[PDB]
>>> print(open('run05.pdb').read())   # PDB, C-alpha atoms and all ligand atoms
ATOM      1  CA  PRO W   1      79.520 -26.065 107.970  1.00  0.00           C
ATOM      2  CA  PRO W   2      81.203 -29.157 109.541  1.00  0.00           C
ATOM      3  CA  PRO W   3      81.811 -29.576 113.312  1.00  0.00           C
ATOM      4  CA  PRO W   4      84.985 -28.454 115.163  1.00  0.00           C
ATOM      5  CA  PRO W   5      87.921 -30.669 116.256  1.00  0.00           C
ATOM      6  CA  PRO W   6      88.700 -32.236 119.672  1.00  0.00           C
ATOM      7  CA  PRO W   7      91.179 -31.125 122.390  1.00  0.00           C
ATOM      8  CA  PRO W   8      94.664 -32.494 123.190  1.00  0.00           C
ATOM      9  CA  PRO W   9      95.416 -34.699 126.246  1.00  0.00           C
ATOM     10  CA  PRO W  10      97.108 -33.541 129.473  1.00  0.00           C
ATOM     11  CA  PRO W  11     100.825 -34.333 130.071  1.00  0.00           C
ATOM     12  CA  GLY W  12     102.251 -37.369 131.890  1.00  0.00           C
ATOM     13  CA  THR W  13     101.448 -37.043 135.621  1.00  0.00           C
ATOM     14  CA  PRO W  14     104.127 -36.516 138.274  1.00  0.00           C
ATOM     15  CA  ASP W  15     106.499 -39.105 139.783  1.00  0.00           C
ATOM     16  CA  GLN W  16     106.352 -40.210 143.407  1.00  0.00           C
ATOM     17  CA  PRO W  17     108.782 -38.459 145.754  1.00  0.00           C
ATOM     18  CA  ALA W  18     112.224 -40.143 145.698  1.00  0.00           C
ATOM     19  CA  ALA W  19     112.751 -42.082 148.929  1.00  0.00           C
ATOM     20  CA  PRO W  20     115.584 -41.236 151.344  1.00  0.00           C
ATOM     21  CA  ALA W  21     118.671 -43.375 152.113  1.00  0.00           C
ATOM     22  CA  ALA W  22     119.339 -45.727 155.025  1.00  0.00           C
ATOM     23  CA  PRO W  23     120.708 -45.721 158.606  1.00  0.00           C
ATOM     24  CA  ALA W  24     124.295 -44.778 159.549  1.00  0.00           C
ATOM     25  CA  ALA W  25     125.345 -48.441 159.806  1.00  0.00           C
ATOM     26  CA  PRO W  26     125.983 -49.714 163.353  1.00  0.00           C
ATOM     27  CA  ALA W  27     126.542 -47.658 166.530  1.00  0.00           C
ATOM     28  CA  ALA W  28     129.101 -48.934 169.021  1.00  0.00           C
ATOM     29  CA  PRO W  29     131.581 -51.383 167.478  1.00  0.00           C
ATOM     30  CA  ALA W  30     132.674 -53.161 170.683  1.00  0.00           C
ATOM     31  CA  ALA W  31     132.232 -51.716 174.173  1.00  0.00           C
ATOM     32  CA  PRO W  32     135.142 -52.452 176.531  1.00  0.00           C
ATOM     33  CA  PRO W  33     134.958 -55.655 178.646  1.00  0.00           C
ATOM     34  CA  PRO W  34     135.230 -55.728 182.481  1.00  0.00           C
TER      35      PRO W  34
ATOM     36  CA  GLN T   1      89.744 -36.645 138.542  1.00  0.00           C
ATOM     37  CA  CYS T   2      91.175 -38.721 141.379  1.00  0.00           C
ATOM     38  CA  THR T   3      94.494 -40.534 141.133  1.00  0.00           C
ATOM     39  CA  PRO T   4      95.164 -43.814 142.968  1.00  0.00           C
ATOM     40  CA  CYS T   5      98.025 -43.883 145.445  1.00  0.00           C
ATOM     41  CA  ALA T   6     100.948 -45.749 143.913  1.00  0.00           C
ATOM     42  CA  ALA T   7     102.690 -48.772 145.402  1.00  0.00           C
ATOM     43  CA  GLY T   8     104.433 -48.133 148.699  1.00  0.00           C
ATOM     44  CA  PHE T   9     102.126 -45.210 149.528  1.00  0.00           C
ATOM     45  CA  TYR T  10      98.832 -44.857 151.376  1.00  0.00           C
ATOM     46  CA  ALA T  11      96.041 -42.296 151.356  1.00  0.00           C
ATOM     47  CA  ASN T  12      95.525 -40.524 154.679  1.00  0.00           C
ATOM     48  CA  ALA T  13      91.726 -40.912 154.668  1.00  0.00           C
ATOM     49  CA  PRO T  14      89.180 -43.628 153.821  1.00  0.00           C
ATOM     50  CA  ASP T  15      87.176 -41.601 151.285  1.00  0.00           C
ATOM     51  CA  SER T  16      88.487 -38.106 150.429  1.00  0.00           C
ATOM     52  CA  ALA T  17      92.273 -38.161 150.656  1.00  0.00           C
ATOM     53  CA  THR T  18      94.333 -35.002 150.232  1.00  0.00           C
ATOM     54  CA  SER T  19      97.821 -36.468 149.702  1.00  0.00           C
ATOM     55  CA  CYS T  20      99.381 -39.917 149.540  1.00  0.00           C
ATOM     56  CA  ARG T  21     102.147 -40.535 152.074  1.00  0.00           C
ATOM     57  CA  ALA T  22     105.005 -43.003 152.339  1.00  0.00           C
ATOM     58  CA  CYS T  23     104.660 -46.053 154.554  1.00  0.00           C
ATOM     59  CA  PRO T  24     106.802 -46.069 157.721  1.00  0.00           C
ATOM     60  CA  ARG T  25     110.166 -47.815 158.002  1.00  0.00           C
ATOM     61  CA  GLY T  26     108.805 -50.989 159.584  1.00  0.00           C
ATOM     62  CA  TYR T  27     105.932 -51.434 157.117  1.00  0.00           C
ATOM     63  CA  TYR T  28     105.509 -52.212 153.421  1.00  0.00           C
ATOM     64  CA  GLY T  29     102.815 -51.599 150.832  1.00  0.00           C
ATOM     65  CA  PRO T  30     102.381 -54.308 148.208  1.00  0.00           C
ATOM     66  CA  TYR T  31      99.294 -52.980 146.428  1.00  0.00           C
ATOM     67  CA  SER T  32      98.332 -49.918 144.411  1.00  0.00           C
ATOM     68  CA  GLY T  33      95.607 -47.803 145.968  1.00  0.00           C
ATOM     69  CA  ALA T  34      96.342 -48.314 149.662  1.00  0.00           C
ATOM     70  CA  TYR T  35      94.165 -46.308 152.046  1.00  0.00           C
ATOM     71  CA  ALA T  36      94.560 -45.901 155.805  1.00  0.00           C
ATOM     72  CA  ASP T  37      91.368 -45.982 157.823  1.00  0.00           C
ATOM     73  CA  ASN T  38      91.582 -44.659 161.384  1.00  0.00           C
ATOM     74  CA  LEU T  39      89.974 -47.566 163.257  1.00  0.00           C
ATOM     75  CA  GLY T  40      93.075 -49.312 164.613  1.00  0.00           C
ATOM     76  CA  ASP T  41      96.746 -48.830 163.826  1.00  0.00           C
ATOM     77  CA  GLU T  42      97.256 -45.448 162.180  1.00  0.00           C
ATOM     78  CA  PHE T  43      99.464 -46.690 159.327  1.00  0.00           C
ATOM     79  CA  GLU T  44      97.401 -49.805 158.586  1.00  0.00           C
ATOM     80  CA  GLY T  45      94.508 -50.618 156.288  1.00  0.00           C
ATOM     81  CA  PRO T  46      92.783 -53.503 154.508  1.00  0.00           C
ATOM     82  CA  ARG T  47      95.028 -52.863 151.499  1.00  0.00           C
ATOM     83  CA  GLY T  48      97.386 -50.468 153.273  1.00  0.00           C
ATOM     84  CA  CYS T  49     101.026 -50.692 154.262  1.00  0.00           C
ATOM     85  CA  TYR T  50     101.283 -53.893 156.289  1.00  0.00           C
ATOM     86  CA  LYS T  51     103.994 -54.381 158.875  1.00  0.00           C
ATOM     87  CA  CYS T  52     106.755 -56.737 157.793  1.00  0.00           C
ATOM     88  CA  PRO T  53     106.404 -60.355 158.988  1.00  0.00           C
ATOM     89  CA  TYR T  54     108.402 -61.824 161.869  1.00  0.00           C
ATOM     90  CA  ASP T  55     111.311 -63.104 159.776  1.00  0.00           C
ATOM     91  CA  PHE T  56     111.226 -60.476 157.022  1.00  0.00           C
ATOM     92  CA  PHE T  57     112.523 -56.925 157.396  1.00  0.00           C
ATOM     93  CA  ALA T  58     112.520 -53.643 155.484  1.00  0.00           C
ATOM     94  CA  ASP T  59     113.906 -50.189 156.209  1.00  0.00           C
ATOM     95  CA  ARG T  60     113.131 -48.064 153.154  1.00  0.00           C
ATOM     96  CA  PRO T  61     109.898 -46.115 153.813  1.00  0.00           C
ATOM     97  CA  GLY T  62     108.239 -46.413 150.425  1.00  0.00           C
ATOM     98  CA  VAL T  63     108.798 -50.035 149.423  1.00  0.00           C
ATOM     99  CA  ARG T  64     106.741 -52.759 147.776  1.00  0.00           C
ATOM    100  CA  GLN T  65     107.949 -55.752 149.816  1.00  0.00           C
ATOM    101  CA  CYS T  66     110.275 -56.605 152.678  1.00  0.00           C
ATOM    102  CA  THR T  67     113.259 -58.958 152.492  1.00  0.00           C
ATOM    103  CA  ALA T  68     114.430 -61.872 154.622  1.00  0.00           C
ATOM    104  CA  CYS T  69     117.318 -61.490 157.032  1.00  0.00           C
ATOM    105  CA  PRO T  70     120.604 -62.124 155.199  1.00  0.00           C
ATOM    106  CA  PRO T  71     122.814 -64.990 156.387  1.00  0.00           C
ATOM    107  CA  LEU T  72     125.489 -63.403 158.568  1.00  0.00           C
ATOM    108  CA  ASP T  73     129.017 -64.409 157.519  1.00  0.00           C
ATOM    109  CA  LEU T  74     131.568 -63.834 160.288  1.00  0.00           C
ATOM    110  CA  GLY T  75     134.413 -65.445 158.332  1.00  0.00           C
ATOM    111  CA  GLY T  76     135.116 -68.916 156.994  1.00  0.00           C
ATOM    112  CA  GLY T  77     132.156 -71.281 156.859  1.00  0.00           C
ATOM    113  CA  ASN T  78     129.982 -69.429 159.397  1.00  0.00           C
ATOM    114  CA  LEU T  79     126.561 -68.787 157.827  1.00  0.00           C
ATOM    115  CA  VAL T  80     124.321 -68.015 160.813  1.00  0.00           C
ATOM    116  CA  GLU T  81     120.684 -67.186 160.109  1.00  0.00           C
ATOM    117  CA  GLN T  82     119.093 -64.093 161.637  1.00  0.00           C
ATOM    118  CA  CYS T  83     115.607 -63.181 162.850  1.00  0.00           C
ATOM    119  CA  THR T  84     113.763 -60.248 164.444  1.00  0.00           C
ATOM    120  CA  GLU T  85     112.773 -59.644 168.061  1.00  0.00           C
ATOM    121  CA  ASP T  86     109.433 -57.957 167.342  1.00  0.00           C
ATOM    122  CA  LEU T  87     106.801 -58.186 164.624  1.00  0.00           C
ATOM    123  CA  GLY T  88     108.062 -55.324 162.458  1.00  0.00           C
ATOM    124  CA  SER T  89     111.662 -54.094 162.493  1.00  0.00           C
ATOM    125  CA  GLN T  90     114.115 -52.517 160.063  1.00  0.00           C
ATOM    126  CA  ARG T  91     117.142 -54.332 161.536  1.00  0.00           C
ATOM    127  CA  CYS T  92     117.717 -58.099 161.570  1.00  0.00           C
ATOM    128  CA  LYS T  93     119.597 -59.405 164.615  1.00  0.00           C
ATOM    129  CA  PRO T  94     121.182 -62.821 165.289  1.00  0.00           C
ATOM    130  CA  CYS T  95     118.515 -65.436 165.942  1.00  0.00           C
ATOM    131  CA  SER T  96     120.649 -67.057 168.650  1.00  0.00           C
ATOM    132  CA  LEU T  97     120.877 -63.950 170.846  1.00  0.00           C
ATOM    133  CA  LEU T  98     117.303 -62.630 170.638  1.00  0.00           C
ATOM    134  CA  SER T  99     115.567 -62.643 174.004  1.00  0.00           C
ATOM    135  CA  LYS T 100     112.006 -63.580 173.085  1.00  0.00           C
ATOM    136  CA  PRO T 101     112.384 -66.582 170.746  1.00  0.00           C
ATOM    137  CA  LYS T 102     110.249 -68.354 168.163  1.00  0.00           C
ATOM    138  CA  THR T 103     108.761 -70.236 171.094  1.00  0.00           C
ATOM    139  CA  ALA T 104     107.035 -67.219 172.688  1.00  0.00           C
ATOM    140  CA  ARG T 105     105.720 -65.455 169.566  1.00  0.00           C
ATOM    141  CA  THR T 106     102.007 -65.835 170.322  1.00  0.00           C
ATOM    142  CA  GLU T 107     100.760 -63.747 167.382  1.00  0.00           C
ATOM    143  CA  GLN T 108      98.468 -65.638 165.018  1.00  0.00           C
ATOM    144  CA  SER T 109      99.392 -65.484 161.340  1.00  0.00           C
ATOM    145  CA  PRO T 110      97.015 -63.363 159.217  1.00  0.00           C
ATOM    146  CA  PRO T 111      94.813 -64.795 156.399  1.00  0.00           C
ATOM    147  CA  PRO T 112      95.807 -65.297 152.725  1.00  0.00           C
ATOM    148  CA  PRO T 113      95.285 -62.653 150.001  1.00  0.00           C
ATOM    149  CA  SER T 114      91.685 -62.294 148.748  1.00  0.00           C
ATOM    150  CA  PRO T 115      91.389 -63.185 145.048  1.00  0.00           C
ATOM    151  CA  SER T 116      92.037 -60.898 142.060  1.00  0.00           C
ATOM    152  CA  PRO T 117      89.276 -58.927 140.275  1.00  0.00           C
ATOM    153  CA  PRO T 118      87.676 -60.096 136.983  1.00  0.00           C
ATOM    154  CA  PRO T 119      88.636 -58.557 133.594  1.00  0.00           C
ATOM    155  CA  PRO T 120      86.983 -55.670 131.694  1.00  0.00           C
ATOM    156  CA  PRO T 121      84.083 -56.667 129.375  1.00  0.00           C
ATOM    157  CA  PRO T 122      84.257 -56.358 125.555  1.00  0.00           C
ATOM    158  CA  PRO T 123      83.122 -53.278 123.571  1.00  0.00           C
ATOM    159  CA  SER T 124      79.318 -53.201 123.161  1.00  0.00           C
ATOM    160  CA  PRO T 125      77.668 -53.897 119.795  1.00  0.00           C
ATOM    161  CA  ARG T 126      76.867 -50.671 117.892  1.00  0.00           C
ATOM    162  CA  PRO T 127      73.156 -50.018 117.259  1.00  0.00           C
ATOM    163  CA  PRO T 128      71.903 -51.016 113.759  1.00  0.00           C
ATOM    164  CA  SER T 129      72.431 -48.929 110.600  1.00  0.00           C
ATOM    165  CA  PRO T 130      69.860 -46.592 109.051  1.00  0.00           C
ATOM    166  CA  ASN T 131      67.700 -48.038 106.244  1.00  0.00           C
ATOM    167  CA  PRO T 132      68.219 -46.381 102.838  1.00  0.00           C
ATOM    168  CA  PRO T 133      65.946 -43.816 101.129  1.00  0.00           C
ATOM    169  CA  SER T 134      62.529 -45.409 100.490  1.00  0.00           C
ATOM    170  CA  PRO T 135      61.541 -45.597  96.820  1.00  0.00           C
ATOM    171  CA  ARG T 136      59.331 -43.060  94.995  1.00  0.00           C
ATOM    172  CA  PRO T 137      55.731 -43.398  93.801  1.00  0.00           C
ATOM    173  CA  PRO T 138      54.344 -43.917  90.272  1.00  0.00           C
ATOM    174  CA  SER T 139      54.119 -40.929  87.913  1.00  0.00           C
ATOM    175  CA  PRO T 140      51.079 -39.150  86.494  1.00  0.00           C
ATOM    176  CA  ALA T 141      50.255 -40.364  82.966  1.00  0.00           C
ATOM    177  CA  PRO T 142      49.946 -37.782  80.192  1.00  0.00           C
ATOM    178  CA  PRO T 143      46.421 -36.303  79.733  1.00  0.00           C
ATOM    179  CA  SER T 144      44.083 -38.620  77.795  1.00  0.00           C
ATOM    180  CA  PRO T 145      43.165 -37.287  74.363  1.00  0.00           C
ATOM    181  CA  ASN T 146      39.975 -35.323  73.604  1.00  0.00           C
TER     182      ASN T 146
HETATM  183  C1  LIG W 201      75.437 -48.548 110.305  1.00  0.00           C
HETATM  184  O1  LIG W 201      75.168 -47.677 111.502  1.00  0.00           O
HETATM  185  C2  LIG W 201      76.211 -47.834 112.527  1.00  0.00           C
HETATM  186  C3  LIG W 201      75.961 -46.843 113.629  1.00  0.00           C
HETATM  187  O2  LIG W 201      75.436 -47.517 114.748  1.00  0.00           O
HETATM  188  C4  LIG W 201      77.613 -47.602 111.962  1.00  0.00           C
HETATM  189  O3  LIG W 201      77.751 -46.216 111.648  1.00  0.00           O
HETATM  190  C5  LIG W 201      77.870 -48.409 110.722  1.00  0.00           C
HETATM  191  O4  LIG W 201      79.132 -47.992 110.136  1.00  0.00           O
HETATM  192  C6  LIG W 201      76.802 -48.235 109.711  1.00  0.00           C
HETATM  193  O5  LIG W 201      77.061 -49.122 108.605  1.00  0.00           O
HETATM  194  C1  LIG W 202     101.926 -67.345 161.993  1.00  0.00           C
HETATM  195  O1  LIG W 202     102.798 -68.397 161.370  1.00  0.00           O
HETATM  196  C2  LIG W 202     104.139 -67.855 161.130  1.00  0.00           C
HETATM  197  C3  LIG W 202     104.987 -68.882 160.433  1.00  0.00           C
HETATM  198  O2  LIG W 202     104.884 -68.682 159.042  1.00  0.00           O
HETATM  199  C4  LIG W 202     104.772 -67.455 162.458  1.00  0.00           C
HETATM  200  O3  LIG W 202     104.797 -68.594 163.319  1.00  0.00           O
HETATM  201  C5  LIG W 202     103.977 -66.369 163.118  1.00  0.00           C
HETATM  202  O4  LIG W 202     104.493 -66.167 164.461  1.00  0.00           O
HETATM  203  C6  LIG W 202     102.527 -66.677 163.227  1.00  0.00           C
HETATM  204  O5  LIG W 202     101.836 -65.431 163.450  1.00  0.00           O
HETATM  205  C1  LIG W 203      89.535 -61.833 151.111  1.00  0.00           C
HETATM  206  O1  LIG W 203      89.858 -63.302 151.099  1.00  0.00           O
HETATM  207  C2  LIG W 203      90.975 -63.645 151.997  1.00  0.00           C
HETATM  208  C3  LIG W 203      91.082 -65.141 152.069  1.00  0.00           C
HETATM  209  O2  LIG W 203      91.280 -65.651 150.771  1.00  0.00           O
HETATM  210  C4  LIG W 203      90.789 -63.089 153.411  1.00  0.00           C
HETATM  211  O3  LIG W 203      89.753 -63.833 154.056  1.00  0.00           O
HETATM  212  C5  LIG W 203      90.424 -61.633 153.406  1.00  0.00           C
HETATM  213  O4  LIG W 203      90.094 -61.219 154.759  1.00  0.00           O
HETATM  214  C6  LIG W 203      89.261 -61.364 152.530  1.00  0.00           C
HETATM  215  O5  LIG W 203      89.000 -59.947 152.523  1.00  0.00           O
HETATM  216  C1  LIG W 204      94.902 -59.497 141.740  1.00  0.00           C
HETATM  217  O1  LIG W 204      94.402 -59.202 143.134  1.00  0.00           O
HETATM  218  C2  LIG W 204      94.889 -60.093 144.204  1.00  0.00           C
HETATM  219  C3  LIG W 204      94.768 -59.363 145.512  1.00  0.00           C
HETATM  220  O2  LIG W 204      93.407 -59.096 145.756  1.00  0.00           O
HETATM  221  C4  LIG W 204      96.343 -60.525 144.029  1.00  0.00           C
HETATM  222  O3  LIG W 204      97.181 -59.379 144.173  1.00  0.00           O
HETATM  223  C5  LIG W 204      96.572 -61.131 142.683  1.00  0.00           C
HETATM  224  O4  LIG W 204      97.970 -61.506 142.573  1.00  0.00           O
HETATM  225  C6  LIG W 204      96.261 -60.176 141.596  1.00  0.00           C
HETATM  226  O5  LIG W 204      96.308 -60.880 140.339  1.00  0.00           O
HETATM  227  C1  LIG W 205      78.236 -53.993 125.519  1.00  0.00           C
HETATM  228  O1  LIG W 205      79.141 -54.479 126.619  1.00  0.00           O
HETATM  229  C2  LIG W 205      78.581 -54.265 127.962  1.00  0.00           C
HETATM  230  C3  LIG W 205      79.491 -54.918 128.959  1.00  0.00           C
HETATM  231  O2  LIG W 205      79.380 -54.253 130.195  1.00  0.00           O
HETATM  232  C4  LIG W 205      77.180 -54.861 128.123  1.00  0.00           C
HETATM  233  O3  LIG W 205      77.236 -55.963 129.032  1.00  0.00           O
HETATM  234  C5  LIG W 205      76.633 -55.351 126.820  1.00  0.00           C
HETATM  235  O4  LIG W 205      77.383 -56.528 126.414  1.00  0.00           O
HETATM  236  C6  LIG W 205      76.774 -54.311 125.779  1.00  0.00           C
HETATM  237  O5  LIG W 205      76.120 -53.116 126.252  1.00  0.00           O
HETATM  238  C1  LIG W 206      56.538 -39.012  88.322  1.00  0.00           C
HETATM  239  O1  LIG W 206      56.763 -40.236  89.173  1.00  0.00           O
HETATM  240  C2  LIG W 206      57.443 -39.911  90.437  1.00  0.00           C
HETATM  241  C3  LIG W 206      56.465 -39.265  91.381  1.00  0.00           C
HETATM  242  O2  LIG W 206      55.170 -39.767  91.147  1.00  0.00           O
HETATM  243  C4  LIG W 206      58.628 -38.969  90.214  1.00  0.00           C
HETATM  244  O3  LIG W 206      58.289 -37.662  90.686  1.00  0.00           O
HETATM  245  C5  LIG W 206      58.984 -38.874  88.760  1.00  0.00           C
HETATM  246  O4  LIG W 206      60.118 -37.980  88.612  1.00  0.00           O
HETATM  247  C6  LIG W 206      57.859 -38.358  87.943  1.00  0.00           C
HETATM  248  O5  LIG W 206      58.141 -38.640  86.559  1.00  0.00           O
HETATM  249  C1  LIG W 207      44.143 -41.329  78.814  1.00  0.00           C
HETATM  250  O1  LIG W 207      45.263 -41.604  79.772  1.00  0.00           O
HETATM  251  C2  LIG W 207      44.759 -42.045  81.084  1.00  0.00           C
HETATM  252  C3  LIG W 207      45.929 -42.572  81.866  1.00  0.00           C
HETATM  253  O2  LIG W 207      45.460 -43.352  82.941  1.00  0.00           O
HETATM  254  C4  LIG W 207      43.687 -43.146  81.021  1.00  0.00           C
HETATM  255  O3  LIG W 207      44.332 -44.408  80.825  1.00  0.00           O
HETATM  256  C5  LIG W 207      42.676 -42.957  79.928  1.00  0.00           C
HETATM  257  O4  LIG W 207      41.942 -44.198  79.741  1.00  0.00           O
HETATM  258  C6  LIG W 207      43.327 -42.599  78.649  1.00  0.00           C
HETATM  259  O5  LIG W 207      42.320 -42.419  77.633  1.00  0.00           O
END
>>> encode(input="run05.pdb", output="structure tokens")
Amino acid sequence: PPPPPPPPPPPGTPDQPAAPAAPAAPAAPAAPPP
Amino acid sequence: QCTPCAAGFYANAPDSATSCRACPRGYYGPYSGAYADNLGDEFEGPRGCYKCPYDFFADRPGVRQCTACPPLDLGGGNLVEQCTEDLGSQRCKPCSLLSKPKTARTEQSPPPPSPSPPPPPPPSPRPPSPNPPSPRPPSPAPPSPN
């Protein structure tokens, strides 16, 4: 009798963790003069 | 099997890493397969996430490259260039108002990038093919007469 067949591959590997957003844009607009 | 850390990520060990991690805000990882040895800066390696240069900035943790400071536009015809106070920062401030200027930056600029690896060789020549069945011998003549 002939030999058996081969296996199938694994899937597609995972994606890197989606990065977070950015800062809250600025802090103090314009502190009061003296 | 082992998987190489993707771009913008570094392995938290020189040899047997357990999980890739994202580079910090002030750094950037250009290569694939960055690893972070523990000799000096924690988030730094020979191929690891480098800190952004003096002029360039980046804020996203996992990024391939930084970007230059944008030209600030306060209104009509006011394009004022911006720089950074320290070596690696995620915010670009006006170059006029920074305290320590280009004059006092005594850091020495790191070397160029070492060259790129050679290609993969061709597929090796298969061993020769098996010679055919050798021929047969002569055949026994019919018994001589009596
Ligand atoms: C000769 O042998 C090689 C194996 O190395 C190969 O099967 C060829 O197809 C055959 O002709
Ligand atoms: C190396 O040179 C750059 C200019 O590209 C800059 O002066 C840095 O301060 C220095 O480290
Ligand atoms: C690879 O070469 C560059 C210069 O091309 C640099 O010296 C690196 O330190 C080296 O590893
Ligand atoms: C291959 O490697 C070097 C770095 O070693 C560089 O990124 C080249 O651009 C690349 O072709
Ligand atoms: C097939 O290719 C390899 C390349 O690594 C080897 O040099 C020989 O050319 C042959 O085994
Ligand atoms: C005799 O010659 C060869 C062997 O010597 C072969 O078997 C032939 O079939 C037979 O006739
Ligand atoms: C009978 O046949 C054999 C075959 O070899 C032999 O030639 C004798 O001489 C013949 O008489």
>>> residues_around(input="run05.pdb", residues="residue 80 in chain T", least_positions_apart="2", cutoff="8 Å", atoms="all atoms listed in the file", output="count of residues only")
6
>>> resolve_selection(input="run05.pdb", expression="the PyMOL selection byres (((not hetatm)) within 12 of (chain W and resi 201))", output="PyMOL selection string")
chain T and resi 124-132
>>> write_last_selection(input="run05.pdb", atoms="C-alpha atoms", output="PDB file, keeping the file's coordinate frame")
ATOM      1  CA  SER T 124      79.318 -53.201 123.161  1.00  0.00           C
ATOM      2  CA  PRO T 125      77.668 -53.897 119.795  1.00  0.00           C
ATOM      3  CA  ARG T 126      76.867 -50.671 117.892  1.00  0.00           C
ATOM      4  CA  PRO T 127      73.156 -50.018 117.259  1.00  0.00           C
ATOM      5  CA  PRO T 128      71.903 -51.016 113.759  1.00  0.00           C
ATOM      6  CA  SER T 129      72.431 -48.929 110.600  1.00  0.00           C
ATOM      7  CA  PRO T 130      69.860 -46.592 109.051  1.00  0.00           C
ATOM      8  CA  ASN T 131      67.700 -48.038 106.244  1.00  0.00           C
ATOM      9  CA  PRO T 132      68.219 -46.381 102.838  1.00  0.00           C
TER      10      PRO T 132
END
>>> atom_distance(input="run05.pdb", atom1="CA of residue 19 in chain W", atom2="CA of residue 14 in chain T")
24.1 Å
>>> residues_around(input="run05.pdb", residues="residue 17 in chain W", least_positions_apart="2", cutoff="10 Å", atoms="all atoms listed in the file", output="number ranges by chain")
W: 14-15, 19-20; T: 21-22, 62
>>> atom_distance(input="run05.pdb", atom1="CA of residue 49 in chain T", atom2="CA of residue 100 in chain T")
25.3 Å
>>> atom_distance(input="run05.pdb", atom1="CA of residue 3 in chain T", atom2="CA of residue 65 in chain T")
22.1 Å
>>> resolve_selection(input="run05.pdb", expression="the PyMOL selection byres (((chain T and resi 108-116) around 12) and not hetatm)", output="PyMOL selection string")
chain T and resi 30-31+46-47+50-54+87+104-107+117-119
>>> resolve_selection(input="run05.pdb", expression="the PyMOL selection byres ((chain T) within 12 of (chain W and not hetatm))", output="MDAnalysis selection string")
chainID T and resid 2:10 19:25 58:63 90:93
>>> axis_aligned_box(input="run05.pdb", around="ligand LIG 205 (chain W)", padding_each_side="4 Å", output="lines of an AutoDock Vina configuration file")
center_x = 77.8
center_y = -54.8
center_z = 127.9
size_x = 11.4
size_y = 11.4
size_z = 12.7
>>> residues_near_ligand(input="run05.pdb", ligand="ligand LIG 206 (chain W)", cutoff="8 Å", atoms="all atoms listed in the file", output="VMD selection string")
chain T and resid 136 to 140
>>> residues_near_ligand(input="run05.pdb", ligand="ligand LIG 207 (chain W)", cutoff="9 Å", atoms="only C-alpha atoms and all ligand atoms", output="mmCIF file with C-alpha atoms, in the frame of the given file")
data_model
loop_
_atom_site.group_PDB
_atom_site.id
_atom_site.type_symbol
_atom_site.label_atom_id
_atom_site.label_comp_id
_atom_site.auth_asym_id
_atom_site.auth_seq_id
_atom_site.Cartn_x
_atom_site.Cartn_y
_atom_site.Cartn_z
ATOM 1 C CA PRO T 140 51.079 -39.150 86.494
ATOM 2 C CA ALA T 141 50.255 -40.364 82.966
ATOM 3 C CA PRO T 142 49.946 -37.782 80.192
ATOM 4 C CA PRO T 143 46.421 -36.303 79.733
ATOM 5 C CA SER T 144 44.083 -38.620 77.795
ATOM 6 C CA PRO T 145 43.165 -37.287 74.363
ATOM 7 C CA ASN T 146 39.975 -35.323 73.604
#
>>> closest_residue(input="run05.pdb", among="T:76, T:33, T:70, T:123", to="residue 48 in chain T", atoms="only C-alpha atoms")
T:33
